[PDB]
Amino acid sequence: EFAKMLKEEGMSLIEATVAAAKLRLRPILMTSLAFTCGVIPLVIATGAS
Amino acid sequence: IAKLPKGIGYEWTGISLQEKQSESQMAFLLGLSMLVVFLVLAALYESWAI
Amino acid sequence: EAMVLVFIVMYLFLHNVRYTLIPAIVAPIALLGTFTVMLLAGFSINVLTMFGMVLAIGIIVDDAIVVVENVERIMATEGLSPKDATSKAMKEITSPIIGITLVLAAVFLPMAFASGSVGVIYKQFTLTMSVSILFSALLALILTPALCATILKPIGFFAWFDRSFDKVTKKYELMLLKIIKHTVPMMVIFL
Amino acid sequence: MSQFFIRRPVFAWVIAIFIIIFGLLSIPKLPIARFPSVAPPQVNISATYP
């Protein structure tokens, strides 16, 4: 979505898409790792059930 | 009744049960009403003091 | 334990207690709202609905994570005050948050209507996750802007993390730029 | 817009307070179990014929 907005602003597809990917690295990694670490206790369960 | 022999219980029925229930919830209802009024006023007047 | 781990990771990335508490408090409120909706609908506490909350822990914060990320970035780069930075961040991120919320809520809807006991199992997760996500979206559009504008103030392992993240971000830029040229080899690998 | 609540923190705080206090009130009144009614209901007709 951010790449679409940037390209519509006037930047070329390569520049717009690469800028959108660069700027949104931290949100994506942060919100993926939050979920990944949240489910670790499920994976490493070692007792009943 | 508390002085009666052990193993004997008592129950309130009819009007008595309703009267007991009515006085059981008085404090909670009063507090909830006050809290709702406080929250409404805080929402309206943008402040935690008024 | 999932809540604790999510808080730990948010701390290890944001580096500040405030920045982590702004999104962290959202999850308990969303879960309380889901409990209210469960009472209204007629659901109950059980292993399935609680595994639903465990899975939701991670996703019901993402909107607050994004809003705090953007406000932090604006404050760091443009040097704006918390209020102006928050306003600009919201202006930028409003649409993405609505899109993510609606998509993530809609993905779970089909499972609920499945027939059989499998459908019964699916309904618990669907209700829990969808209600939690919808409540989190409201709490991120409503409360988080105000908290960021108000509580936040103008402004070891953390410095190393920042430097390494900048380096890997530049490396990602370079790698992605290299990859763009080789589009057809990329598509064949995807296939 | 979302700009409404940036300048009105009290109104978002009271909304959050309402949600928290309704959820806390609701939790005690919810049943607790292991699994839901996730099995086909069964009804038995028993007939004794000498």
# chains A, B, ... in the order shown; residues from 1 in each chain; ligands from 1
call {"tool": "residues_around", "arguments": {"residues": "residue 16 of chain A", "least_positions_apart": "3", "cutoff": "8 Å", "atoms": "only C-alpha atoms", "output": "PyMOL selection string"}}
result
chain A and resi 3-4+6-7+11-13+19-20
call {"tool": "write_last_selection", "arguments": {"atoms": "N, CA and C atoms", "output": "PDB file, in the first residue's frame"}}
result
ATOM      1  N   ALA A   3       3.927   1.500  -1.099  1.00  0.00           N
ATOM      2  CA  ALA A   3       4.559   1.589  -2.411  1.00  0.00           C
ATOM      3  C   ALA A   3       3.599   2.169  -3.440  1.00  0.00           C
ATOM      4  N   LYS A   4       2.336   1.742  -3.404  1.00  0.00           N
ATOM      5  CA  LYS A   4       1.339   2.301  -4.311  1.00  0.00           C
ATOM      6  C   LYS A   4       1.198   3.801  -4.099  1.00  0.00           C
ATOM      7  N   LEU A   6       3.368   5.915  -2.794  1.00  0.00           N
ATOM      8  CA  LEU A   6       4.582   6.602  -3.221  1.00  0.00           C
ATOM      9  C   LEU A   6       4.652   6.699  -4.739  1.00  0.00           C
ATOM     10  N   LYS A   7       4.332   5.607  -5.438  1.00  0.00           N
ATOM     11  CA  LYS A   7       4.362   5.631  -6.896  1.00  0.00           C
ATOM     12  C   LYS A   7       3.344   6.621  -7.445  1.00  0.00           C
ATOM     13  N   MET A  11       6.951   8.977  -8.003  1.00  0.00           N
ATOM     14  CA  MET A  11       8.181   8.210  -8.123  1.00  0.00           C
ATOM     15  C   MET A  11       7.974   6.995  -9.023  1.00  0.00           C
ATOM     16  N   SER A  12       9.075   6.523  -9.604  1.00  0.00           N
ATOM     17  CA  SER A  12       9.047   5.351 -10.461  1.00  0.00           C
ATOM     18  C   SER A  12       8.789   4.092  -9.633  1.00  0.00           C
ATOM     19  N   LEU A  13       8.378   3.025 -10.322  1.00  0.00           N
ATOM     20  CA  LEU A  13       8.001   1.799  -9.625  1.00  0.00           C
ATOM     21  C   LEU A  13       9.168   1.222  -8.836  1.00  0.00           C
ATOM     22  N   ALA A  19      11.708   2.006  -1.778  1.00  0.00           N
ATOM     23  CA  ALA A  19      11.574   2.908  -0.639  1.00  0.00           C
ATOM     24  C   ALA A  19      10.527   2.396   0.340  1.00  0.00           C
ATOM     25  N   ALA A  20       9.398   1.902  -0.174  1.00  0.00           N
ATOM     26  CA  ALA A  20       8.365   1.368   0.706  1.00  0.00           C
ATOM     27  C   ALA A  20       8.878   0.166   1.487  1.00  0.00           C
TER      28      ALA A  20
END
call {"tool": "interface_residues", "arguments": {"of": "chain C", "to": "chain A", "cutoff": "7 Å", "atoms": "only C-alpha atoms", "output": "ChimeraX atom specification"}}
result
/C:1-3,5-6,9,55,57-59,62,65-66,69,169,173
call {"tool": "residues_around", "arguments": {"residues": "residue 29 of chain D", "least_positions_apart": "5", "cutoff": "12 Å", "atoms": "only C-alpha atoms", "output": "MDAnalysis selection string"}}
result
(chainID C and resid 35:36 38:40 42:45) or (chainID D and resid 22:24)
call {"tool": "closest_atom_pairs", "arguments": {"of": "chain C", "to": "chain D", "cutoff": "7 Å", "atoms": "only C-alpha atoms", "output": "CSV"}}
result
residue,atom,partner,partner_atom,distance
C:29,CA,D:20,CA,5.8
C:32,CA,D:23,CA,4.3
C:33,CA,D:23,CA,5.6
C:35,CA,D:23,CA,5.7
C:36,CA,D:23,CA,4.9
C:39,CA,D:30,CA,6.2
C:44,CA,D:31,CA,5.0
C:45,CA,D:32,CA,4.6
C:46,CA,D:34,CA,4.9
C:47,CA,D:34,CA,5.5
C:48,CA,D:35,CA,6.9
C:87,CA,D:3,CA,6.7
C:117,CA,D:38,CA,5.1
C:120,CA,D:38,CA,5.7
C:121,CA,D:38,CA,6.8
C:141,CA,D:2,CA,5.9
C:142,CA,D:5,CA,6.0
C:143,CA,D:12,CA,5.2
C:145,CA,D:6,CA,5.4
C:146,CA,D:6,CA,4.1
C:149,CA,D:6,CA,6.3
call {"tool": "atom_distance", "arguments": {"atom1": "atom CA of residue 103 of chain C", "atom2": "atom CA of residue 129 of chain C"}}
result
12.3 Å
call {"tool": "atom_distance", "arguments": {"atom1": "atom CA of residue 68 of chain C", "atom2": "atom CA of residue 165 of chain C"}}
result
17.4 Å
call {"tool": "decode", "arguments": {"residues": "segment 9-35 of chain B", "atoms": "N, CA, C and O atoms", "output": "CSV table (one decimal), in the first residue's frame"}}
result
chain,number,residue,atom,x,y,z
B,9,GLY,N,-31.3,-25.9,59.3
B,9,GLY,CA,-31.0,-24.7,58.5
B,9,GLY,C,-32.3,-23.9,58.4
B,9,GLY,O,-33.4,-24.3,58.7
B,10,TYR,N,-32.1,-22.7,57.8
B,10,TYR,CA,-33.2,-21.8,57.6
B,10,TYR,C,-33.1,-21.2,56.2
B,10,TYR,O,-32.0,-21.0,55.6
B,11,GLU,N,-34.3,-20.9,55.6
B,11,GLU,CA,-34.3,-20.3,54.3
B,11,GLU,C,-35.4,-19.2,54.3
B,11,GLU,O,-36.4,-19.4,54.9
B,12,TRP,N,-35.2,-18.2,53.5
B,12,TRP,CA,-36.1,-17.1,53.4
B,12,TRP,C,-36.8,-17.2,52.0
B,12,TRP,O,-36.1,-17.4,51.0
B,13,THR,N,-38.1,-17.0,52.0
B,13,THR,CA,-38.9,-17.2,50.8
B,13,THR,C,-39.9,-16.1,50.7
B,13,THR,O,-40.2,-15.4,51.7
B,14,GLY,N,-40.5,-16.0,49.6
B,14,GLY,CA,-41.5,-15.0,49.4
B,14,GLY,C,-41.0,-13.6,49.5
B,14,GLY,O,-40.0,-13.2,48.9
B,15,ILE,N,-41.7,-12.7,50.3
B,15,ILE,CA,-41.3,-11.3,50.4
B,15,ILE,C,-40.0,-11.2,51.1
B,15,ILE,O,-39.2,-10.3,50.8
B,16,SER,N,-39.7,-12.1,52.0
B,16,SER,CA,-38.4,-12.0,52.8
B,16,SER,C,-37.2,-12.1,51.9
B,16,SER,O,-36.3,-11.4,52.0
B,17,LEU,N,-37.3,-13.1,51.0
B,17,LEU,CA,-36.1,-13.3,50.1
B,17,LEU,C,-35.9,-12.1,49.2
B,17,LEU,O,-34.8,-11.6,49.0
B,18,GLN,N,-37.0,-11.5,48.7
B,18,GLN,CA,-36.9,-10.3,47.8
B,18,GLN,C,-36.4,-9.1,48.6
B,18,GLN,O,-35.5,-8.4,48.1
B,19,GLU,N,-36.8,-9.0,49.9
B,19,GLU,CA,-36.3,-7.9,50.7
B,19,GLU,C,-34.8,-8.1,50.9
B,19,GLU,O,-34.0,-7.1,50.9
B,20,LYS,N,-34.3,-9.3,51.2
B,20,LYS,CA,-32.9,-9.5,51.4
B,20,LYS,C,-32.1,-9.2,50.2
B,20,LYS,O,-31.1,-8.5,50.2
B,21,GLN,N,-32.6,-9.6,49.0
B,21,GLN,CA,-31.9,-9.4,47.8
B,21,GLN,C,-31.9,-7.9,47.5
B,21,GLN,O,-30.8,-7.4,47.0
B,22,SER,N,-32.9,-7.2,47.8
B,22,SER,CA,-33.0,-5.7,47.5
B,22,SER,C,-31.9,-5.0,48.2
B,22,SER,O,-31.2,-4.1,47.7
B,23,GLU,N,-31.7,-5.3,49.5
B,23,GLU,CA,-30.7,-4.7,50.3
B,23,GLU,C,-29.3,-5.2,50.1
B,23,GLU,O,-28.3,-4.6,50.4
B,24,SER,N,-29.2,-6.4,49.5
B,24,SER,CA,-27.9,-7.0,49.1
B,24,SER,C,-27.2,-6.1,48.1
B,24,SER,O,-26.0,-6.0,48.1
B,25,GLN,N,-27.9,-5.6,47.1
B,25,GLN,CA,-27.3,-4.9,45.9
B,25,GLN,C,-27.3,-3.4,46.1
B,25,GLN,O,-26.9,-2.8,45.1
B,26,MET,N,-27.7,-2.8,47.2
B,26,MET,CA,-27.8,-1.4,47.3
B,26,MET,C,-26.4,-0.7,47.1
B,26,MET,O,-26.3,0.2,46.2
B,27,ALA,N,-25.4,-1.1,47.8
B,27,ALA,CA,-24.1,-0.5,47.7
B,27,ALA,C,-23.5,-0.5,46.3
B,27,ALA,O,-23.0,0.4,45.8
B,28,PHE,N,-23.6,-1.7,45.7
B,28,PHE,CA,-23.1,-1.9,44.3
B,28,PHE,C,-23.8,-1.0,43.3
B,28,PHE,O,-23.2,-0.3,42.5
B,29,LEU,N,-25.1,-0.9,43.4
B,29,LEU,CA,-25.9,0.0,42.5
B,29,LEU,C,-25.5,1.4,42.7
B,29,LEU,O,-25.3,2.2,41.8
B,30,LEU,N,-25.4,1.9,44.0
B,30,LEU,CA,-25.0,3.2,44.2
B,30,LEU,C,-23.7,3.6,43.7
B,30,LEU,O,-23.5,4.6,43.0
B,31,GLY,N,-22.7,2.7,43.9
B,31,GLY,CA,-21.4,2.9,43.4
B,31,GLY,C,-21.3,2.9,41.9
B,31,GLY,O,-20.6,3.8,41.3
B,32,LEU,N,-22.0,2.0,41.3
B,32,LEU,CA,-22.1,2.0,39.8
B,32,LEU,C,-22.7,3.2,39.2
B,32,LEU,O,-22.2,3.8,38.2
B,33,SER,N,-23.8,3.7,39.8
B,33,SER,CA,-24.4,5.0,39.4
B,33,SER,C,-23.4,6.1,39.5
B,33,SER,O,-23.3,6.9,38.6
B,34,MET,N,-22.8,6.3,40.7
B,34,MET,CA,-21.8,7.3,40.8
B,34,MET,C,-20.7,7.2,39.8
B,34,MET,O,-20.3,8.3,39.2
B,35,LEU,N,-20.2,6.0,39.6
B,35,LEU,CA,-19.1,5.9,38.6
B,35,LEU,C,-19.5,6.2,37.2
B,35,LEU,O,-18.7,6.9,36.4
